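Coordinate inspection notes
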Amino acid sequence: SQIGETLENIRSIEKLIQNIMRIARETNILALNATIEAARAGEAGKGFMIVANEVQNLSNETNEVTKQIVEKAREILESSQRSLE
Amino acid sequence: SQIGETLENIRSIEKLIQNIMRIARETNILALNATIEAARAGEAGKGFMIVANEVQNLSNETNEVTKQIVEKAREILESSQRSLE
Amino acid sequence: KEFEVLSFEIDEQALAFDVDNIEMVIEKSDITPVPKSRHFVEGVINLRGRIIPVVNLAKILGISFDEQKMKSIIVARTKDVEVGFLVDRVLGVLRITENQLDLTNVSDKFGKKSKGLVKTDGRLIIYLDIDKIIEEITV
Amino acid sequence: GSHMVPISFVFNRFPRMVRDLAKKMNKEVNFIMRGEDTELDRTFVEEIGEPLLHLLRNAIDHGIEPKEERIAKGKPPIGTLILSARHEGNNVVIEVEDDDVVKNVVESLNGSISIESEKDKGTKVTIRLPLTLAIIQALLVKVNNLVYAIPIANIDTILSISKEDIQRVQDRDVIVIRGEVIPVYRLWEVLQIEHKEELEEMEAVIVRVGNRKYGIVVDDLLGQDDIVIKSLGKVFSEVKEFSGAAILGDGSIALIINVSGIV
């Protein structure tokens, strides 16, 4: 609990926040490599490349804040686990 | 009280990122509708459809993971609540 | 005989045209105003690098209107003319056929504009005719 | 951006299309295209090539008479028509020659195929399609965030006058400069815009027209630049108060003030 709960939590948030940290990397290409290459098919290449762009832009924003979770959440224990001290 | 700061320090992060349930969702819908059109368009440059579905998964992706962080970081409270004691 | 149309409403008023004359859809943005233009025109926008005029569709059929609800711009393409239509929310595809049609061009106002009126299990989806509708905006 | 390419993509469809039009009329007519690399504008791939087929269909049938009426007229036993194409200043002149729905097929994207002729010499044909796409020195002006370009070649001078000089007359306002009188006009007015009122010293631009010149007062002065003027559809063909808009650098759209198109 508490001093342990925190850990039982941080890890519960790490293995998960890392998951989002994963997607951020898969999308960073699963879409970037679909735009920088979308300029091959029909004339809609220039039209699709952009619609595919935004997909990442407002997507990365997740990590921007999502990672801001651990950044602080890790302090919880950093201080609560340290409260053990 | 940093531990007493966890009582909200993250509370913000969670709600600030919560913006995903809306903005991240947004991109999804906007694209999903672009799939309806990209489809009824033609057939030659179908290459824009073979990926117009990418987001359909990229989105439904952060879903199970984001539902996880909210489920997890919410534990800190249940624990810090005892902690604040 | 299978028609593909773009479904969308204009204040509890459904409309739709064949995708044949459709380029894409965008949201009402920086619409540069064109001086001494024509009452039923909003202005011009920069799209893909060309200046496409944004007409006020709803303002043509003398129907409802709302500068606010008007958040969707429908870009068309005639034989060589390109025009955008500012309207409300959009739906998407819709399978049309000689079955959904219920011609009765003797029970309304503006005529030639609409080729007819279709019905989906009991809806207000009105079939428009971009060609003749645009022909009015031109020449 | 490669908007220019040899005429090989809208003029080579003749050394074999003018042949059949000579056999279906029993009238031998030579056909030598004097040049087929006229770098006319690329956007003409569908408004100049084909239209040049109705200027040659009269270069064989409705022109040269058979040997029986040829060697007994004033033309040698063998004629020779020439389908050319060149540049005369800023207008591709892909002419046609030999020895009214088509009056719009070429007039769609600039042009106007005519028919000039004489006796025992043949008829001549020539269209007019500009091949100059690129540079126009313009004066970028602003009015409540409304960038309006002014054709440089039309401007004469940019002088800043005070709201004092003005001396209203029979009606329109004016300013006495160099003994001459210029009918000053407020841009935002002739364009009908919700203006503030009138700042103290306003900057005015003197534009030349025909044989005279009027003054145009504007809000703020951005800066001269080379823009990309482009016909803004027909949905504005009525608004004579302009000529054609254009997309600046940052992406802002800017209309061009057709100097002659303002009271």
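As stated in the entry header, the method of structure determination is X-ray crystallography and the reported resolution is 4.5 Å.

Under the PDB entry, the name given to chain C is Chemotaxis protein CheW, and the organism recorded is Thermotoga maritima. Listed as the entry title in the PDB record is "The structure of a ternary complex between CheA domains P4 and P5 with CheW and with a truncated fragment of TM14, a chemoreceptor analog from Thermotoga maritima". Of chain C, the UniProt comment under Function reads exactly: "Involved in the transmission of sensory signals from the chemoreceptors to the flagellar motors." According to the UniProt record, the Subcellular location comment for chain C is "Cytoplasm".

In the annotation of the PDB entry, chain A is listed under the name Methyl-accepting chemotaxis protein and assigned to Thermotoga maritima.

It is worth spelling out the sheet that holds strand β8 (residues 155-162) of chain D at this point. Residues and elements named next belong to chain D. In spatial order, the strands read β8-β12-β13-β11; together these four strands make up an open sheet with mixed pairing. Looking at the sheet topology across the chains shown, the edges are occupied by β8 and β11 (185-186). Sheet topology note: the strand β12 (residues 201-209)/strand β13 (residues 212-217) ladder contains six bridges and is antiparallel. Considered in β13, the bridge of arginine 208 is made with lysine 213.

Taken residue by residue, the interface counts 19 residues in chain D and 18 residues in chain C. Summed over both partners, the interface of chain D with chain C buries about 1,700 Å², with 73% contributed by carbon and sulfur atoms. Inspection of the region where chain D meets chain C yields one salt bridge. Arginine 38 of chain C is paired through a salt bridge with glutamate 238 of chain D; the nearest N and O atoms lie 3.3 Å apart. Mapped by element, the contributors of at least two residues to the side of chain D that touches chain C are β16 (244-247) and β17 (253-256) of chain D.

So, on to the packing of helix α3 (residues 45-83) of chain A against helix α1 (residues 3-17) of chain B. When two helices pack together, their arrangement is given by the angle between the helix axes and the distance between those axes. It is at 9 Å that the axes of α3 of chain A and α1 of chain B come closest, and there the two elements cross at 170 degrees. As far as their axial angle goes, α1 of chain B and α3 of chain A are roughly antiparallel. Contacts from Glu61, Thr62, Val65, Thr66, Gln68, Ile69, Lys72, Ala73, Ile76 and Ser80 of chain A in α3 of chain A reach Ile3, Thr6, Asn9, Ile10, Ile13, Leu16 and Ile17 of chain B in α1 of chain B. Tallied by class, the residues present in the contact of α3 of chain A with α1 of chain B amount to nine nonpolar, six polar and two charged.

Another aspect to go through is the UniProt feature "domain: CheW-like" in chain C. Mapped onto this numbering, the UniProt entry annotates "domain: CheW-like" at residues 2-139 of chain C. Helix and strand shares over residues 2-139 of chain C are 6% and 36% respectively, and the end C-alpha atoms of the span are 31 Å apart.

Here the focus is the side chain of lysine 27 of chain D. Considering the arrangement of structural elements, one finds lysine 27 of chain D in the loop between α1 (17-23) and α2 (67-70). Those residues in contact with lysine 27 of chain D, other than ones at most four positions away along the chain, are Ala22, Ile60, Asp61, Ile64, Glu65 and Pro66 of chain D.

We now examine the pattern of salt bridges. By the definition in use, this model includes 32 salt bridges over all chains. With a closest N to O distance of 3.1 Å, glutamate 88 of chain D and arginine 86 of chain D form a salt bridge. Note on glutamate 88 of chain D: relative accessible area 54%, which makes it exposed. Between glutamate 180 of chain D and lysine 213 of chain D there is a salt bridge, and its shortest N-O distance comes to 3.6 Å. Taken as a pair, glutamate 180 of chain D in strand β10 (residues 180-182) and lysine 213 of chain D in strand β13 lie far apart in primary sequence, 33 residues in all. Each of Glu23, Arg50, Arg77 and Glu82 of chain C takes part in salt bridges that share partners, so that together they form one network.

Take the arrangement of the chains next. Counting contacts across all four pairs of chains found in contact, the highest total belongs to chains A and B. One finds no contact between chain A and chain D; the C-alpha atoms of the two approach each other to within 16 Å at their closest. Where chain B comes nearest to chain D, the C-alpha atoms are still 23 Å apart, and the two do not contact one another.

Residue and element names in this part refer to chain D. Here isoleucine 94 shows up in the loop between β1 (91-92) and β2 (96-97). Along the backbone, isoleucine 94 and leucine 83 are eleven residues apart, and their C-alpha atoms lie at a distance of 7.5 Å. Not counting the four nearest positions on each side in its chain, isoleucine 94 is found in contact with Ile7, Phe11, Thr38, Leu40, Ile48, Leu52, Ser84, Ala85, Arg86 and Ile127.

Another point: the environment of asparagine 9 of chain B. Residues and elements named next belong to chain B. Here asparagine 9 lies in helix α1. Look at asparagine 9 and you get buried, because its relative accessible area is 15%. Taking C-alpha positions, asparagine 9 is 33 Å from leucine 30, a pair spaced 21 residues apart along the chain.

This next bit is on helix α1 (residues 130-137) of chain C. Three or four residues apart is the spacing at which side chains of an α-helix point the same way, because the helix has 3.6 residues per turn. Residues and elements named next belong to chain C. For α1, the full list of buried residues reads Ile130, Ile133, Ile134 and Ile137. Projection of α1 onto a plane perpendicular to its axis shows the buried side chains occupying an angular sector of 95 degrees, all on one side. Among the structural elements, β2 (14-18), β5 (50-55), β6 (72-76) and β7 (84-87) are those in contact with the buried residues of α1. One or two steps after α1, the chain reaches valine 139, where phi turns positive at roughly 30 degrees.

The next point concerns the relation of the copies chain A and chain B. For the pair chain A and chain B, the relating rotation is 172 degrees, the translation along its axis is 1.8 Å, and the fit reaches an RMSD of 2.2 Å. Mapped onto chain B, 74% of the interface residues of chain A again fall at the interface, so both copies present the same surface.

Take the sheet that holds β5 of chain C next. Residues and elements named next belong to chain C. Strand order in this open sheet of five strands is β3-β6-β7-β5-β4, and the pairing throughout is mixed. Edge positions in the sheet fall to β3 (22-27) and β4 (41-47), since each of these pairs with one other strand and no more. With strand direction ignored, the average angle separating the axes of adjacent strands in the sheet is 30 degrees. In this sheet, β6 lies alongside β3 in antiparallel orientation, the contact comprising five bridges. In the sheet register, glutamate 27 faces β6, and the bridge partner there is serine 72.

Rules behind the numbers
Residues numbered from 1 in each chain as written, not as in the entry; some residues may be left out. Chains lettered and ligands numbered in written order. Heavy atoms only, no water. UniProt positions renumbered as here; feature names shortened; annotations may be inferred. Pairing = 2+ DSSP bridges. Helix = DSSP H or I, 4+ residues; strand = E, 2+ residues; numbered from the N terminus. Contact = heavy atoms within 4.5 Å. Buried area = accessible area lost by both parts, 1.4 Å probe. Salt bridge = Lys/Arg side-chain N within 4 Å of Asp/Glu carboxyl O. Axes fitted to C-alpha atoms, helices over the stretch in contact; angles between N-to-C directions. Parallel < 35°, antiparallel > 145°, perpendicular 65-115°, else oblique. Nonpolar A, V, L, I, M, F, W, Y, C, P; charged D, E, K, R; others polar. Buried < 20%, exposed > 50% of the residue type's maximum accessible area, 1.4 Å probe, protein only. Arc of directions from axis to C-beta. Least-squares fit on C-alpha atoms.

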